[PDB]
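The next block holds one structure in the form of structure tokens; read it before the comments.
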Amino acid sequence: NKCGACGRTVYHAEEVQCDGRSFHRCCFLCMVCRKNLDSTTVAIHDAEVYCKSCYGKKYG
Ligand SMILES: [Zn+2]
Ligand SMILES: [Zn+2]
């Protein structure tokens, strides 16, 4: 439905599933810091999305 960043239309093509929500395919982010995330990886920790950087550096 709606992305955490914009709130434009994530649907099928322009979404990647990340736990409960999806974000847009390009406009894909850390729910914490908000680094420019994409189809590198992604992570989840607890209730929020951690990106590539803050996941591997906070937790190792
Ligand atoms: Zn978006
Ligand atoms: Zn981050």
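We name chains A, B, ... following the order of the structure tokens; residues begin at 1 in each chain, and ligands are numbered from 1 as shown.
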Expected selection as a PDB file with N, CA, C and O atoms, in the first residue's frame for ligand 1 within 6 Å, only C-alpha atoms and all ligand atoms:
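Output contents, as saved in part.pdb:
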```
ATOM      1  N   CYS A   3       4.494   3.191   1.600  1.00  0.00           N
ATOM      2  CA  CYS A   3       5.865   3.174   2.005  1.00  0.00           C
ATOM      3  C   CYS A   3       6.032   3.971   3.267  1.00  0.00           C
ATOM      4  O   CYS A   3       5.194   4.802   3.615  1.00  0.00           O
ATOM      5  N   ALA A   5       8.730   5.889   3.841  1.00  0.00           N
ATOM      6  CA  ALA A   5       9.421   7.100   3.476  1.00  0.00           C
ATOM      7  C   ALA A   5       8.468   8.028   2.821  1.00  0.00           C
ATOM      8  O   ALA A   5       7.954   8.937   3.470  1.00  0.00           O
ATOM      9  N   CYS A   6       8.202   7.808   1.518  1.00  0.00           N
ATOM     10  CA  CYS A   6       7.231   8.575   0.776  1.00  0.00           C
ATOM     11  C   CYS A   6       5.856   8.351   1.326  1.00  0.00           C
ATOM     12  O   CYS A   6       5.334   9.126   2.127  1.00  0.00           O
ATOM     13  N   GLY A   7       5.260   7.258   0.846  1.00  0.00           N
ATOM     14  CA  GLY A   7       3.894   6.911   1.070  1.00  0.00           C
ATOM     15  C   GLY A   7       3.246   6.845  -0.277  1.00  0.00           C
ATOM     16  O   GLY A   7       2.019   6.829  -0.359  1.00  0.00           O
ATOM     17  N   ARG A   8       4.050   6.766  -1.382  1.00  0.00           N
ATOM     18  CA  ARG A   8       3.562   6.456  -2.697  1.00  0.00           C
ATOM     19  C   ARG A   8       3.148   4.996  -2.755  1.00  0.00           C
ATOM     20  O   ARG A   8       3.093   4.311  -1.735  1.00  0.00           O
ATOM     21  N   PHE A  23       8.551  -1.324   1.477  1.00  0.00           N
ATOM     22  CA  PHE A  23       8.932   0.011   1.107  1.00  0.00           C
ATOM     23  C   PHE A  23       9.043  -0.061  -0.342  1.00  0.00           C
ATOM     24  O   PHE A  23       9.071  -1.151  -0.915  1.00  0.00           O
ATOM     25  N   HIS A  24       9.173   1.120  -0.977  1.00  0.00           N
ATOM     26  CA  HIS A  24       9.403   1.123  -2.380  1.00  0.00           C
ATOM     27  C   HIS A  24      10.738   0.578  -2.706  1.00  0.00           C
ATOM     28  O   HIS A  24      11.720   0.695  -1.984  1.00  0.00           O
ATOM     29  N   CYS A  27      13.124   3.487  -3.267  1.00  0.00           N
ATOM     30  CA  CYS A  27      13.031   4.312  -2.087  1.00  0.00           C
ATOM     31  C   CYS A  27      12.836   3.316  -0.981  1.00  0.00           C
ATOM     32  O   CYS A  27      11.740   3.081  -0.476  1.00  0.00           O
TER      33      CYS A  27
END
```
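For chain A, a DSSP pass over the backbone yields strand (DSSP E) at residues 15, 16, 17, 18, 21, 22, 23, 24, 28, 29, 36, 37, 43, 44, 45, 48, 49 and 50 of chain A.
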Can you write out the residues you just picked, keeping C-alpha atoms, as a tab-separated table (two decimals), in the first residue's frame?
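Contents of result.tsv, freshly written:
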```
chain	number	residue	atom	x	y	z
A	15	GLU	CA	7.90	-3.16	-3.47
A	16	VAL	CA	10.17	-5.41	-1.50
A	17	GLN	CA	8.70	-7.02	1.59
A	18	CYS	CA	10.40	-6.14	4.82
A	21	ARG	CA	5.43	-3.23	5.76
A	22	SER	CA	7.04	-2.95	2.39
A	23	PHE	CA	8.93	0.01	1.11
A	24	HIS	CA	9.40	1.12	-2.38
A	28	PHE	CA	14.02	1.57	0.29
A	29	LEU	CA	15.33	2.62	3.67
A	36	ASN	CA	19.95	4.88	1.14
A	37	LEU	CA	19.14	1.17	1.27
A	43	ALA	CA	17.72	-6.42	8.14
A	44	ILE	CA	15.05	-6.48	10.80
A	45	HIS	CA	15.62	-6.07	14.50
A	48	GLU	CA	11.90	-1.59	13.14
A	49	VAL	CA	14.09	-2.01	10.08
A	50	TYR	CA	17.80	-1.60	10.39
```
Just want the residues within 8 Å of ligand 2, written as a ChimeraX atom specification, counting only C-alpha atoms and all ligand atoms.
/A:29-35,50-55
Check chain A with DSSP on the backbone and list each residue it calls alpha helix (DSSP H), as number ranges by chain.
A: 53-58
Write the residues of the preceding selection, restricted to N, CA and C atoms, as a tab-separated table (two decimals), in the first residue's frame.
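The result, written out as part.tsv:
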```
chain	number	residue	atom	x	y	z
A	53	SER	N	24.21	-0.76	7.14
A	53	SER	CA	25.24	-0.16	7.95
A	53	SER	C	24.97	-0.35	9.43
A	54	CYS	N	23.84	0.18	9.96
A	54	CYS	CA	23.56	0.21	11.37
A	54	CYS	C	23.23	-1.13	11.94
A	55	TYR	N	22.90	-2.14	11.10
A	55	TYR	CA	22.63	-3.48	11.57
A	55	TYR	C	23.94	-4.13	11.92
A	56	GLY	N	24.93	-4.05	11.00
A	56	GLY	CA	26.18	-4.74	11.13
A	56	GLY	C	27.14	-4.06	12.06
A	57	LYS	N	26.86	-2.81	12.49
A	57	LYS	CA	27.79	-2.02	13.28
A	57	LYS	C	27.30	-1.92	14.69
A	58	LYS	N	25.96	-1.88	14.90
A	58	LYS	CA	25.37	-1.85	16.22
A	58	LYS	C	25.51	-3.21	16.83
```
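Atom CA of residue 1 of chain A is positioned 22.5 Å from atom CA of residue 40 of chain A.
The space between atom CA of residue 10 of chain A and atom CA of residue 26 of chain A spans 10.4 Å.
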